[PDB]
There are 2 protein chains.
Amino acid sequence: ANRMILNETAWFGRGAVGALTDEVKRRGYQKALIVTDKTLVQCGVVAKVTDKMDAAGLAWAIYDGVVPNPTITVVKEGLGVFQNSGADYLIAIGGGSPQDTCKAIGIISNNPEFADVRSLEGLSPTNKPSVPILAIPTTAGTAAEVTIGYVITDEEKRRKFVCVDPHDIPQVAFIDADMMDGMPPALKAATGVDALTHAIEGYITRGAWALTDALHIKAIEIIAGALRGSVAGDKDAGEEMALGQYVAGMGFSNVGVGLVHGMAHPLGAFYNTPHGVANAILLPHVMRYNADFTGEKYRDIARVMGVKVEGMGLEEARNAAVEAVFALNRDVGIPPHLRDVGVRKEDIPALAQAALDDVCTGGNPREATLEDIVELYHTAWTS
Amino acid sequence: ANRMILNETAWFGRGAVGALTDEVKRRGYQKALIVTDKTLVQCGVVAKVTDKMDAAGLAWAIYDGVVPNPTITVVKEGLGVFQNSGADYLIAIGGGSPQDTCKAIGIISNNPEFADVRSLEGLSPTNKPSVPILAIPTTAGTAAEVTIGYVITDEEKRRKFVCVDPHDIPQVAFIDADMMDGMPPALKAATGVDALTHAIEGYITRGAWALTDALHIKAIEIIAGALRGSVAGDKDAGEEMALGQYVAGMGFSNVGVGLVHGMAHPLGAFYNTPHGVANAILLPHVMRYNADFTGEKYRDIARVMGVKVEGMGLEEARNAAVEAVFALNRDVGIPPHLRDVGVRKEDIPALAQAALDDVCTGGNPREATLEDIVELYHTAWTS
Ligand SMILES: Nc1ncnc2c1ncn2[C@@H]1O[C@H](COP(=O)(O)OP(=O)(O)OC[C@H]2O[C@@H](O)[C@H](O)[C@@H]2O)[C@@H](O)[C@H]1O
Ligand SMILES: Nc1ncnc2c1ncn2[C@@H]1O[C@H](COP(=O)(O)OP(=O)(O)OC[C@H]2O[C@@H](O)[C@H](O)[C@@H]2O)[C@@H](O)[C@H]1O
Ligand SMILES: [Fe+3]
Ligand SMILES: [Fe+3]
């Protein structure tokens, strides 16, 4: 049998954060700890929520110590602030980095034996549900509001580790493009191709079945339809992106992804590479590697990305899908090679070993060796 | 902004009830009341769960007093057993009738002021969640396991009333075709077209939006593909129906249905007509009537029901959508006329009034008048 973890309650559309104060009152919670980052505070995005909480008369403290590719130190610091604050619930406001940090804090608080943080890696054997989380994404990106996965950086061991736990599922998700509009075009592109990567990897993942197939092929159609428009400042396309990224979440959380995420994670660990930029550069090269092990599925990807596949042979349709991704990356301004984002040639062996051991690689529909991954890094590295 | 209530946890596929004993142990629950009917006990369907519970040493009691179109009397009786059972959670085993009875019991148990049952009608103003419910459907049919609506028969007022309450959502759903196989062909046919009615009405309902559109159109595709096979005893067909009927639920719960359900409920109240048969006979007639208020959506329906809709204009396509429904009904042995199932012509005015006042009607994409519902009943009634 196949398990699906989803949000019991989610609110969708511009003004969705409007529903937060009523949801909190209904659940009888006392005091929030908002988990977020310096930018989202300074930019006024956090105030969009806190102003409504102030008006509703709902108490909150804040932790904005989160940095991109959040570290063990960031988690431990956040858990301390959560403890000193007297909060009884969590509000995650931001992208994957603040939301993953929130999940770790929420989990360790009710599962104190995991306080070293790195011991959460894998299928965390937690006995207790997280401290309730209310989740408000600010990127059109990670779907952390609906997934059971979170990614923390172990700096001592220079690796990103994936934690997978149904106990970390937020009680309510607020998916509001008014929280997303501040994203610089480059961030919309990076988080948008992260979402496309979730949906493409999820579509072809080893554990894929009919329900996740339906969710993923819909997310690919929405994301591929909307991302250029959203990067160009189109407000309706940003709302479409907000839905597409979430629908990708509903799928990949529950079945897995593949070698793109496997190879992206060590780039974050080694260089602090933005996760979506890493995914974006790797994705077409990994799709090529995986192509002959995906059955009819690249035909579907090509069709909902705007290719006429009607009279195409299967290998022709597979190339069309790969080229459609190279073209999207070009159109939204992601550079074509890993060298362009500062990946060192010397590091490929260590990166390849880290990728081989990443939790995500297990879902890849083609079984990757060390030599395959070394070669993929090289192919993606330069022309 | 649009709200989605879904199951936080759900298990899908043949053998999915195998996940029940672990879900109960992880939630620390001490004793179930199983809410079901005598037919499911008799056929050993209930034993498929209680045998697994016995092996895991999990305590249960049974209430099997549920009848089709469950009554205020049945709810009060089951409630009485729950209170004297010492149970701390519920397992609903059966179609809509047990699952809806189970939700009424679980709501009233934790919201005792609703003991008269009829005070639940509409957006039930409950302050507390239901007693936790684990939902196991045995028809390929109502999606009661994932919806927030339940339907009780008021015998003194001769009407079915809808109770809509986020507090009633089951904690875990187990969607297991093995629990469904024993449906007589006629029951697979009726519940299957109920599922199709949810998906079609959900797709064209007034509250419809992007997420519910994608769920409903996918559910129409799965059900149109699978239903003939499942009725004829095909294993895989039955598993596809089990998924499709659930996917329809994920949508219609959250946005509504229309005049088919509005007109079906009075037939249940007046004659105890099976819900699915009532929906089946009415569906193609009401689609016809709605056609001109559904923009392009009947184009999409005809397509996913296997009609080459390429050359066609909007009215060609609209009519093909309707005939695709007409044909499916015939093939699965559904009476094509209301007079076949003992609907009396004299009652049509009274039925029309009840249908105009049924909440499901409010979601209908075309705003119905009394005389329109009178005419639709007459159309659906004759040979
Ligand atoms: N609406 C916004 N407007 C402006 N800047 C924003 C906005 N939302 C986020 N940012 C900024 O974008 C930068 C990247 O934020 P992240 O949270 O790191 O981005 P995201 O891609 O959503 O999350 C990545 C993280 O999630 C994991 O899945 C992944 O492994 C990685 O750790 C930060 O400086 C953040 O302040
Ligand atoms: N697996 C099965 N095998 C054999 N018989 C079965 C099975 N499942 C159900 N039945 C029998 O089918 C009959 C109809 O069962 P219901 O639960 O009434 O059917 P369903 O269509 O699932 O629910 C209808 C109810 O749901 C509401 O949406 C609607 O208003 C109505 O009250 C009953 O006699 C029941 O015992
Ligand atoms: Fe990702
Ligand atoms: Fe129904």
Notebook entry, point to check: How long are the semi-axes of the ellipsoid equivalent to the stretch A:185-381, from square roots of 5 times the Cα gyration tensor eigenvalues, in whole Å, largest first?
Noted result: 24, 20, 16
Notebook entry, point to check: Of the beta bridges DSSP finds with both residues in the protein assembly as shown, what % are antiparallel, to the nearest 5?
Noted result: 30
Check: Tell me, B:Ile220, A:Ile223 in order of fewest to most beta-carbon neighbours within 10 Å?
Finding: B:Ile220, A:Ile223
Margin query: Using the crude model of +1 on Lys and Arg Cβ and -1 on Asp and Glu Cβ, and no other charge, please compute the dipole size for the protein assembly as shown relative to its Cα centre, in debye to 20.
Written below: 360
Notebook entry, point to check: Relative to the first principal axis of the alpha-carbon coordinates of chain A, what is the inclination of helix A:275-290, with its axis defined by its Cα atoms, in degrees from 0 to 90 and to the nearest 10?
Noted result: 30
Note to self: Give the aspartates and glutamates whose C-alpha is closer than 15 Å to that of A:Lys38, dropping any in the same chain fewer than 8 places away, or say none.
What the structure shows: A:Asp64, A:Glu77
Note to self: What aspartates and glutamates does B:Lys157 reach when the alpha-carbon gap must be under 14 Å and sequence neighbours fewer than 8 apart in one chain are set aside?
What the structure shows: B:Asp116, B:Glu121, B:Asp357, B:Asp358
Next item on the list: Give the Rg/Rh ratio for the stretch A:128-280, taking Rg as the radius of gyration of the Cα atoms and Rh as the Kirkwood radius, to two decimals.
Entry: 0.95
Checklist line | Among B:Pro365, B:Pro125, B:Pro68, residue whose mean-square fluctuation peaks in a GNM of chain B (springs only between Cα atoms under 10 Å) | finding: B:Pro125
Margin query: Among DSSP bridges having both ends in chain A, what percentage is antiparallel? Round to the nearest 5.
Written below: 25
Item checked: Separation between Cα centres of the stretch A:73-93 and the stretch A:315-343, rounded to whole Å -> 39
Notebook entry, point to check: Expressed as a whole number of Å, what is the distance separating the alpha-carbon centroids of the stretch B:207-248 and the stretch A:1-44?
Noted result: 32
Check: Would you list A:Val35, B:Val304 from fewest to most Cβ contacts within 10 Å?
Finding: B:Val304, A:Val35
Check: For B:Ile200, A:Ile62, A:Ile217, B:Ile175, what's the fewest-to-most ordering of other Cβ within 10 Å of each Cβ?
Finding: A:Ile62, A:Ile217, B:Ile175, B:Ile200
Check: What Kirkwood hydrodynamic radius do you get for the stretch B:14-65 when you take the inverse of the mean 1/r over all pairs of distinct Cα atoms, in Å?
Finding: 11.5
Next item on the list: Return a single number: how many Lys pairs in the stretch A:185-381, at a sequence separation of 8 or more or on separate chains, have alpha-carbon atoms below 21 angstrom apart.
Entry: 6
Next item on the list: Would you mind checking the tilt of helix B:348-357 against the longest principal axis of the Cα atoms of chain B, expressed as 0 to 90 degrees and rounded to 10?
Entry: 70
Item checked: Kirkwood Rh and Cα Rg combined as Rg/Rh, the stretch A:62-102 -> 0.92
Item checked: Principal axes of the protein assembly as shown: Cα extent on each, largest first, Å -> 85, 62, 52
Margin query: Taking a cut-off of 19 Å, what percent of all Cα-Cα pairs in the stretch B:9-179 are separated by more than that?
Written below: 50
Next item on the list: With springs connecting C-alpha atoms under 10 Å apart, model chain B as a Gaussian network and identify which of B:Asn127, B:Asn69, B:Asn290 has the largest mean-square fluctuation.
Entry: B:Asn127
Notebook entry, point to check: Once the Cα atoms of helix B:96-110 and of chain B are each reduced to a long axis, what angle between those two axes, in degrees from 0 to 90 to the nearest 10, is obtained?
Noted result: 50
Next item on the list: Any chance you could get the radius of gyration and Dmax over the Cα atoms of chain A, in Å?
Entry: 19.8, 64
Notebook entry, point to check: Within a Cβ distance under 14 Å of A:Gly182, other residues only, what is the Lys/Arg minus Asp/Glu net charge?
Noted result: +1
Note to self: Would the stretch A:305-383 count as rounded, prolate or oblate if I go by the C-alpha gyration tensor, calling it rounded below 1.5 in a/c and otherwise prolate when a/b exceeds b/c, oblate otherwise?
What the structure shows: oblate
Margin query: I'd like the antiparallel share, as a percent to the nearest 5, of DSSP beta bridges with both residues in the stretch B:16-163.
Written below: 25
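Bear in mind that the values in this text are calculations on the coordinates, not laboratory data. For neighbour counting, all protein chains shown are included, and Cβ atoms are generated from backbone atoms with ideal geometry for every residue, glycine included.
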